[PDB]
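Participant: This is my_file23.json (JSON, C-alpha atoms and all ligand atoms).
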[["chain", "number", "residue", "atom", "x", "y", "z"],
["A", 1, "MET", "CA", 115.97, 101.87, 108.33],
["A", 2, "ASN", "CA", 118.83, 99.59, 107.33],
["A", 3, "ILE", "CA", 120.17, 96.17, 108.17],
["A", 4, "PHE", "CA", 121.77, 97.18, 111.45],
["A", 5, "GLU", "CA", 118.65, 98.84, 112.85],
["A", 6, "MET", "CA", 116.58, 95.92, 111.45],
["A", 7, "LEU", "CA", 118.86, 93.50, 113.30],
["A", 8, "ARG", "CA", 118.95, 95.43, 116.58],
["A", 9, "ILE", "CA", 115.14, 95.30, 116.59],
["A", 10, "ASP", "CA", 115.06, 91.51, 115.95],
["A", 11, "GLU", "CA", 118.04, 90.44, 118.11],
["A", 12, "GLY", "CA", 117.79, 93.11, 120.77],
["A", 13, "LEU", "CA", 120.74, 92.98, 123.12],
["A", 14, "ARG", "CA", 122.12, 90.71, 125.89],
["A", 15, "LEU", "CA", 125.45, 91.56, 127.63],
["A", 16, "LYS", "CA", 125.75, 88.07, 129.14],
["A", 17, "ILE", "CA", 125.64, 84.53, 127.63],
["A", 18, "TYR", "CA", 122.07, 83.19, 127.12],
["A", 19, "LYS", "CA", 120.39, 80.31, 125.31],
["A", 20, "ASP", "CA", 118.64, 81.42, 122.19],
["A", 21, "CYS", "CA", 115.37, 79.99, 120.85],
["A", 22, "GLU", "CA", 117.12, 77.10, 119.00],
["A", 23, "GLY", "CA", 118.73, 76.31, 122.38],
["A", 24, "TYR", "CA", 122.27, 77.58, 121.58],
["A", 25, "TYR", "CA", 124.64, 79.84, 123.60],
["A", 26, "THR", "CA", 124.61, 83.49, 122.46],
["A", 27, "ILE", "CA", 125.54, 87.10, 123.57],
["A", 28, "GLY", "CA", 125.39, 90.72, 122.21],
["A", 29, "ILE", "CA", 123.13, 91.22, 119.19],
["A", 30, "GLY", "CA", 122.44, 87.65, 118.16],
["A", 31, "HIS", "CA", 126.07, 86.52, 118.38],
["A", 32, "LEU", "CA", 126.19, 82.69, 118.39],
["A", 33, "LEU", "CA", 129.13, 81.46, 120.50],
["A", 34, "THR", "CA", 128.76, 77.72, 119.98],
["A", 35, "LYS", "CA", 126.33, 74.92, 119.28],
["A", 36, "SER", "CA", 128.05, 72.90, 122.04],
["A", 37, "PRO", "CA", 125.85, 72.01, 125.10],
["A", 38, "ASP", "CA", 128.87, 72.97, 127.30],
["A", 39, "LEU", "CA", 128.73, 76.50, 128.77],
["A", 40, "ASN", "CA", 132.52, 76.44, 129.29],
["A", 41, "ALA", "CA", 133.21, 75.82, 125.58],
["A", 42, "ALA", "CA", 130.92, 78.83, 124.90],
["A", 43, "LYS", "CA", 133.07, 80.76, 127.42],
["A", 44, "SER", "CA", 136.37, 80.00, 125.63],
["A", 45, "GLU", "CA", 134.82, 81.13, 122.28],
["A", 46, "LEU", "CA", 133.74, 84.50, 123.86],
["A", 47, "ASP", "CA", 137.15, 85.34, 125.33],
["A", 48, "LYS", "CA", 138.61, 84.17, 122.06],
["A", 49, "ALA", "CA", 136.21, 86.61, 120.28],
["A", 50, "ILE", "CA", 136.92, 89.66, 122.42],
["A", 51, "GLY", "CA", 140.59, 89.21, 123.29],
["A", 52, "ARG", "CA", 140.08, 89.23, 127.08],
["A", 53, "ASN", "CA", 138.62, 87.34, 130.06],
["A", 54, "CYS", "CA", 135.00, 88.61, 130.09],
["A", 55, "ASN", "CA", 134.20, 86.14, 131.62],
["A", 56, "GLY", "CA", 130.63, 85.97, 130.29],
["A", 57, "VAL", "CA", 129.83, 89.70, 130.15],
["A", 58, "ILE", "CA", 130.70, 92.24, 127.40],
["A", 59, "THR", "CA", 130.36, 96.01, 126.94],
["A", 60, "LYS", "CA", 128.22, 97.91, 124.37],
["A", 61, "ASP", "CA", 131.18, 98.91, 122.15],
["A", 62, "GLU", "CA", 132.41, 95.31, 122.08],
["A", 63, "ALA", "CA", 128.86, 94.18, 121.24],
["A", 64, "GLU", "CA", 128.77, 96.57, 118.30],
["A", 65, "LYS", "CA", 132.15, 95.26, 117.19],
["A", 66, "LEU", "CA", 130.85, 91.67, 117.19],
["A", 67, "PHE", "CA", 127.67, 92.89, 115.46],
["A", 68, "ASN", "CA", 129.60, 94.60, 112.71],
["A", 69, "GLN", "CA", 131.78, 91.46, 112.13],
["A", 70, "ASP", "CA", 128.69, 89.22, 112.10],
["A", 71, "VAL", "CA", 126.74, 91.35, 109.56],
["A", 72, "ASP", "CA", 129.87, 91.23, 107.36],
["A", 73, "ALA", "CA", 130.22, 87.42, 107.79],
["A", 74, "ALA", "CA", 126.49, 87.04, 106.89],
["A", 75, "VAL", "CA", 127.00, 89.06, 103.67],
["A", 76, "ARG", "CA", 130.18, 87.18, 102.80],
["A", 77, "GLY", "CA", 128.50, 83.86, 103.56],
["A", 78, "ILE", "CA", 125.74, 84.68, 101.06],
["A", 79, "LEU", "CA", 128.14, 85.79, 98.31],
["A", 80, "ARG", "CA", 130.31, 82.71, 98.72],
["A", 81, "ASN", "CA", 127.41, 80.24, 98.58],
["A", 82, "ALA", "CA", 126.55, 79.16, 94.99],
["A", 83, "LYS", "CA", 122.94, 78.41, 95.97],
["A", 84, "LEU", "CA", 122.42, 81.77, 97.80],
["A", 85, "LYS", "CA", 124.28, 84.22, 95.58],
["A", 86, "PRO", "CA", 122.18, 84.10, 92.38],
["A", 87, "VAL", "CA", 119.01, 84.35, 94.48],
["A", 88, "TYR", "CA", 120.42, 87.26, 96.50],
["A", 89, "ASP", "CA", 121.43, 89.14, 93.37],
["A", 90, "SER", "CA", 117.95, 89.00, 91.79],
["A", 91, "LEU", "CA", 116.28, 90.42, 94.92],
["A", 92, "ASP", "CA", 115.41, 94.12, 95.41],
["A", 93, "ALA", "CA", 117.11, 96.26, 98.10],
["A", 94, "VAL", "CA", 114.68, 95.63, 100.98],
["A", 95, "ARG", "CA", 114.38, 91.88, 100.36],
["A", 96, "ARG", "CA", 118.17, 91.76, 100.34],
["A", 97, "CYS", "CA", 117.91, 93.01, 103.96],
["A", 98, "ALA", "CA", 115.50, 90.22, 104.81],
["A", 99, "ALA", "CA", 118.01, 87.74, 103.25],
["A", 100, "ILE", "CA", 121.01, 89.07, 105.23],
["A", 101, "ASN", "CA", 118.90, 88.97, 108.39],
["A", 102, "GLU", "CA", 117.88, 85.35, 107.89],
["A", 103, "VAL", "CA", 121.46, 84.17, 107.23],
["A", 104, "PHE", "CA", 122.54, 86.14, 110.32],
["A", 105, "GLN", "CA", 119.99, 84.34, 112.49],
["A", 106, "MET", "CA", 120.00, 80.82, 110.89],
["A", 107, "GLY", "CA", 123.45, 80.64, 109.28],
["A", 108, "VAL", "CA", 124.17, 79.87, 105.65],
["A", 109, "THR", "CA", 123.88, 76.09, 105.84],
["A", 110, "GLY", "CA", 120.29, 75.93, 107.06],
["A", 111, "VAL", "CA", 119.16, 78.64, 104.64],
["A", 112, "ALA", "CA", 120.82, 77.02, 101.59],
["A", 113, "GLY", "CA", 118.69, 73.93, 102.23],
["A", 114, "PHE", "CA", 115.41, 75.71, 101.48],
["A", 115, "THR", "CA", 115.63, 74.72, 97.86],
["A", 116, "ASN", "CA", 111.90, 75.32, 97.75],
["A", 117, "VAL", "CA", 111.80, 78.89, 98.94],
["A", 118, "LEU", "CA", 114.99, 79.64, 97.02],
["A", 119, "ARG", "CA", 113.35, 78.91, 93.67],
["A", 120, "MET", "CA", 110.19, 80.80, 94.63],
["A", 121, "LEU", "CA", 112.15, 83.91, 95.63],
["A", 122, "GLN", "CA", 114.18, 83.92, 92.40],
["A", 123, "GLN", "CA", 110.99, 83.60, 90.36],
["A", 124, "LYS", "CA", 109.64, 86.48, 92.48],
["A", 125, "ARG", "CA", 106.85, 84.37, 94.00],
["A", 126, "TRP", "CA", 106.67, 86.30, 97.27],
["A", 127, "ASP", "CA", 103.45, 84.88, 98.77],
["A", 128, "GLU", "CA", 104.54, 81.23, 98.35],
["A", 129, "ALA", "CA", 108.09, 81.91, 99.69],
["A", 130, "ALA", "CA", 106.55, 83.66, 102.67],
["A", 131, "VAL", "CA", 104.20, 80.71, 103.31],
["A", 132, "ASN", "CA", 107.01, 78.17, 102.95],
["A", 133, "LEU", "CA", 109.38, 80.12, 105.28],
["A", 134, "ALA", "CA", 106.67, 80.35, 107.96],
["A", 135, "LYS", "CA", 106.87, 76.50, 107.89],
["A", 136, "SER", "CA", 110.54, 76.05, 108.75],
["A", 137, "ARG", "CA", 111.81, 74.92, 112.16],
["A", 138, "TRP", "CA", 113.43, 78.40, 112.39],
["A", 139, "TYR", "CA", 110.03, 80.17, 112.34],
["A", 140, "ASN", "CA", 108.15, 77.80, 114.67],
["A", 141, "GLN", "CA", 110.97, 78.02, 117.23],
["A", 142, "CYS", "CA", 111.85, 81.71, 116.92],
["A", 143, "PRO", "CA", 108.53, 83.36, 115.94],
["A", 144, "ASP", "CA", 109.30, 86.85, 117.26],
["A", 145, "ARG", "CA", 112.81, 86.91, 115.82],
["A", 146, "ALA", "CA", 111.41, 85.54, 112.53],
["A", 147, "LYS", "CA", 107.99, 87.08, 111.88],
["A", 148, "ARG", "CA", 109.08, 90.55, 110.68],
["A", 149, "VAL", "CA", 111.59, 88.93, 108.36],
["A", 150, "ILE", "CA", 108.94, 86.77, 106.62],
["A", 151, "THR", "CA", 106.58, 89.70, 106.30],
["A", 152, "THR", "CA", 109.49, 91.67, 104.70],
["A", 153, "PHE", "CA", 110.18, 88.91, 102.13],
["A", 154, "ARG", "CA", 106.49, 89.07, 101.36],
["A", 155, "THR", "CA", 106.05, 92.83, 100.96],
["A", 156, "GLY", "CA", 109.48, 94.19, 100.12],
["A", 157, "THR", "CA", 108.71, 97.15, 102.37],
["A", 158, "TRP", "CA", 109.95, 98.19, 105.78],
["A", 159, "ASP", "CA", 106.43, 98.45, 107.22],
["A", 160, "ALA", "CA", 107.02, 95.49, 109.63],
["A", 161, "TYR", "CA", 109.81, 97.53, 111.39],
["A", 162, "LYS", "CA", 107.80, 100.75, 111.67],
["A", 201, "LIG", "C1", 119.99, 84.88, 100.23],
["A", 201, "LIG", "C2", 118.77, 84.23, 100.88],
["A", 201, "LIG", "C3", 118.50, 84.35, 102.25],
["A", 201, "LIG", "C4", 117.35, 83.78, 102.83],
["A", 201, "LIG", "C5", 116.49, 83.01, 102.03],
["A", 201, "LIG", "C6", 115.27, 82.30, 102.61],
["A", 201, "LIG", "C7", 116.78, 82.87, 100.66],
["A", 201, "LIG", "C8", 117.90, 83.50, 100.09],
["A", 202, "CL", "CL", 111.63, 84.19, 119.47]]
Can you present the structure in this file as structure tokens?
Ligand SMILES: Cc1ccc(C)cc1
Ligand SMILES: [Cl-]

Facilitator:
Amino acid sequence: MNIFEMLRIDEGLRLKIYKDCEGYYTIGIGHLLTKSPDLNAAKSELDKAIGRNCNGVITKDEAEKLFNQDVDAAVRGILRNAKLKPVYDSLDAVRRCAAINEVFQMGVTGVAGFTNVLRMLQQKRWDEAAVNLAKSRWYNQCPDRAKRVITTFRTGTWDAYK
């Protein structure tokens, strides 16, 4: 078990644009195209991402390419954020996976605004962080995509993905 397998389980796989649980246009393994309400703007972004006219459908290999780029951008987003980095660095290996996963789903901005949970995590207060994450708009809207990640922040084991 590792971040990629953890993410494939949580994001599954679509090979054509859909609306995710927050209502935004997505494809592959949780790849957000745009927050625009315009499907055609989400289409330009996709072609722009692949390097061809798709027009809204991709292959598996191309999905894994996007996936690999997006994991990388999530990690880089954490390391570049002054609020996220010190918290990230104090976490153990498995909770670091739960942190990459959350940034991958929610994006850095939303995550960095959980000042509450951020302090709790750094002080290693797992139960309270867990409780406070299960309160966000992210959890209430995306409970299947989110549940295993909260449980993982709580336990620091992979048991939720087993
Ligand atoms: C790096 C990080 C990711 C997610 C949370 C909720 C906190 C820190
Ligand atoms: Cl969901």

Participant: Between A:105, A:116, A:81, A:2, single out the one closest to residue 139 in chain A, counting all atoms listed in the file.

Facilitator: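 Of A:105, A:116, A:81, A:2, the one nearest residue 139 in chain A, counting all atoms listed in the file, is A:105.
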
Participant: Hey, which residues come within 6 Å of ligand CL 202 (chain A) if we count only C-alpha atoms and all ligand atoms? Could you give them as a VMD selection string?

Facilitator: chain A and resid 21 142 to 145

Participant: Which residues are close to range 49-55 of chain A, i.e. within 10 Å by all atoms listed in the file, leaving aside same-chain residues fewer than 6 positions away? Reply as a ChimeraX atom specification.

Facilitator: /A:16-17,33,43,62-63,65-66

Participant: With all atoms listed in the file counted and 6 Å as the cut-off, give the residues of chain A in contact with ligand LIG 201 (chain A), each with its shortest interatomic distance in Å and the pair that gives it, as a Markdown table.

Facilitator:
| residue | atom | partner | partner_atom | distance |
| --- | --- | --- | --- | --- |
| A:78 | CA | A:LIG201 | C1 | 5.8 |
| A:84 | CA | A:LIG201 | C1 | 4.6 |
| A:87 | CA | A:LIG201 | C8 | 5.8 |
| A:88 | CA | A:LIG201 | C1 | 4.4 |
| A:99 | CA | A:LIG201 | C3 | 3.6 |
| A:102 | CA | A:LIG201 | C4 | 5.3 |
| A:103 | CA | A:LIG201 | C3 | 5.8 |
| A:111 | CA | A:LIG201 | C6 | 5.7 |
| A:118 | CA | A:LIG201 | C7 | 5.2 |

Participant: As an exercise, work out the distance from CA of residue 15 in chain A to CA of residue 58 in chain A in Å and give it to one decimal place.

Facilitator: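 CA of residue 58 in chain A lies at a distance of 5.3 Å from CA of residue 15 in chain A.
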
Participant: Could you name the residues that touch residue 69 in chain A at 12 Å or less, counting all atoms listed in the file, but leaving out those on the same chain fewer than 4 positions away, as a list in words?

Facilitator: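 My reading of the contact set: residues 4, 28, 29, 30, 31, 49, 50, 62, 63, 64, 65, 73, 74, 75, 76, 77 and 104 of chain A.
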
Participant: Choose the residue, out of A:70, A:45, A:61, A:10, that has the smallest atom-to-atom separation from residue 107 in chain A; count all atoms listed in the file.

Facilitator: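 Among the listed residues, A:70 lies closest to residue 107 in chain A.
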
Participant: Find the spatial neighbours of residue 154 in chain A, counting all atoms listed in the file, within a cut-off of 7 Å - ignore same-chain residues fewer than 4 positions away - and output them as a list in words.

Facilitator: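 The residues satisfying every condition are residues 126, 127, 130 and 150 of chain A.
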
Participant: Could you take the residues named above and write them with C-alpha atoms, as a CSV table (one decimal), in the frame of the given file?

Facilitator:
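Everything below was put into again32.csv:
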chain,number,residue,atom,x,y,z
A,126,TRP,CA,106.7,86.3,97.3
A,127,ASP,CA,103.4,84.9,98.8
A,130,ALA,CA,106.6,83.7,102.7
A,150,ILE,CA,108.9,86.8,106.6

Participant: Between CA of residue 124 in chain A and CA of residue 8 in chain A, what is the distance in Å, rounded to a tenth?

Facilitator: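 CA of residue 124 in chain A sits 27.3 Å away from CA of residue 8 in chain A.
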
Participant: Quick one: of A:121, A:112, A:41, A:94, who's nearest to residue 156 in chain A, counting all atoms listed in the file?

Facilitator: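 The closest residue to residue 156 in chain A is A:94.
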
Participant: Between A:146, A:32, A:91, A:120, which is the closest to residue 134 in chain A once you count only C-alpha atoms?

Facilitator: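 Using only C-alpha atoms, residue 134 in chain A sits closest to A:146.
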
Participant: Tell me which protein, DNA and RNA residues are within 12 Å of residue 19 in chain A, counting all atoms listed in the file, leaving out same-chain ones fewer than 4 positions away, and put them as a PyMOL selection string.

Facilitator: chain A and resi 14+23-28+30-39+42

Participant: Can you write just those residues out, C-alpha atoms, as a PDB file, keeping the file's coordinate frame?

Facilitator:
ATOM      1  CA  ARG A  14     122.120  90.710 125.890  1.00  0.00           C
ATOM      2  CA  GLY A  23     118.730  76.310 122.380  1.00  0.00           C
ATOM      3  CA  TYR A  24     122.270  77.580 121.580  1.00  0.00           C
ATOM      4  CA  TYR A  25     124.640  79.840 123.600  1.00  0.00           C
ATOM      5  CA  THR A  26     124.610  83.490 122.460  1.00  0.00           C
ATOM      6  CA  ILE A  27     125.540  87.100 123.570  1.00  0.00           C
ATOM      7  CA  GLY A  28     125.390  90.720 122.210  1.00  0.00           C
ATOM      8  CA  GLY A  30     122.440  87.650 118.160  1.00  0.00           C
ATOM      9  CA  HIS A  31     126.070  86.520 118.380  1.00  0.00           C
ATOM     10  CA  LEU A  32     126.190  82.690 118.390  1.00  0.00           C
ATOM     11  CA  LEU A  33     129.130  81.460 120.500  1.00  0.00           C
ATOM     12  CA  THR A  34     128.760  77.720 119.980  1.00  0.00           C
ATOM     13  CA  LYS A  35     126.330  74.920 119.280  1.00  0.00           C
ATOM     14  CA  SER A  36     128.050  72.900 122.040  1.00  0.00           C
ATOM     15  CA  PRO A  37     125.850  72.010 125.100  1.00  0.00           C
ATOM     16  CA  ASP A  38     128.870  72.970 127.300  1.00  0.00           C
ATOM     17  CA  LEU A  39     128.730  76.500 128.770  1.00  0.00           C
ATOM     18  CA  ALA A  42     130.920  78.830 124.900  1.00  0.00           C
TER      19      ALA A  42
END

Participant: Rank A:133, A:117, A:122, A:106 by their smallest atom-to-atom distance to residue 85 in chain A, using only C-alpha atoms, and report the top residue only.

Facilitator: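 Looking at the shortest contact to residue 85 in chain A, the residue is A:122.
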
Participant: Write out as a list in words the residues lying within 10 Å of residue 152 in chain A, counting all atoms listed in the file and excluding same-chain residues fewer than 5 positions away.

Facilitator: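 Non-adjacent residues within range: residues 94, 95, 96, 97, 98, 99, 126, 130, 147, 157, 158, 159, 160 and 161 of chain A.
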
Participant: With C-alpha atoms retained, export the selected residues as a PDB file, keeping the file's coordinate frame.

Facilitator:
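Result saved to selection_23.pdb:
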ATOM      1  CA  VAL A  94     114.680  95.630 100.980  1.00  0.00           C
ATOM      2  CA  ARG A  95     114.380  91.880 100.360  1.00  0.00           C
ATOM      3  CA  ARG A  96     118.170  91.760 100.340  1.00  0.00           C
ATOM      4  CA  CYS A  97     117.910  93.010 103.960  1.00  0.00           C
ATOM      5  CA  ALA A  98     115.500  90.220 104.810  1.00  0.00           C
ATOM      6  CA  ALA A  99     118.010  87.740 103.250  1.00  0.00           C
ATOM      7  CA  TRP A 126     106.670  86.300  97.270  1.00  0.00           C
ATOM      8  CA  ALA A 130     106.550  83.660 102.670  1.00  0.00           C
ATOM      9  CA  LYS A 147     107.990  87.080 111.880  1.00  0.00           C
ATOM     10  CA  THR A 157     108.710  97.150 102.370  1.00  0.00           C
ATOM     11  CA  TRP A 158     109.950  98.190 105.780  1.00  0.00           C
ATOM     12  CA  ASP A 159     106.430  98.450 107.220  1.00  0.00           C
ATOM     13  CA  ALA A 160     107.020  95.490 109.630  1.00  0.00           C
ATOM     14  CA  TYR A 161     109.810  97.530 111.390  1.00  0.00           C
TER      15      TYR A 161
END

Participant: In Å, how far is it from CA of residue 100 in chain A to CA of residue 153 in chain A?

Facilitator: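 Between these atoms lies a distance of 11.3 Å.
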
Participant: Just checking: using all atoms listed in the file, which residue out of A:149, A:79, A:129, A:13 ends up closest to residue 60 in chain A?

Facilitator: A:13
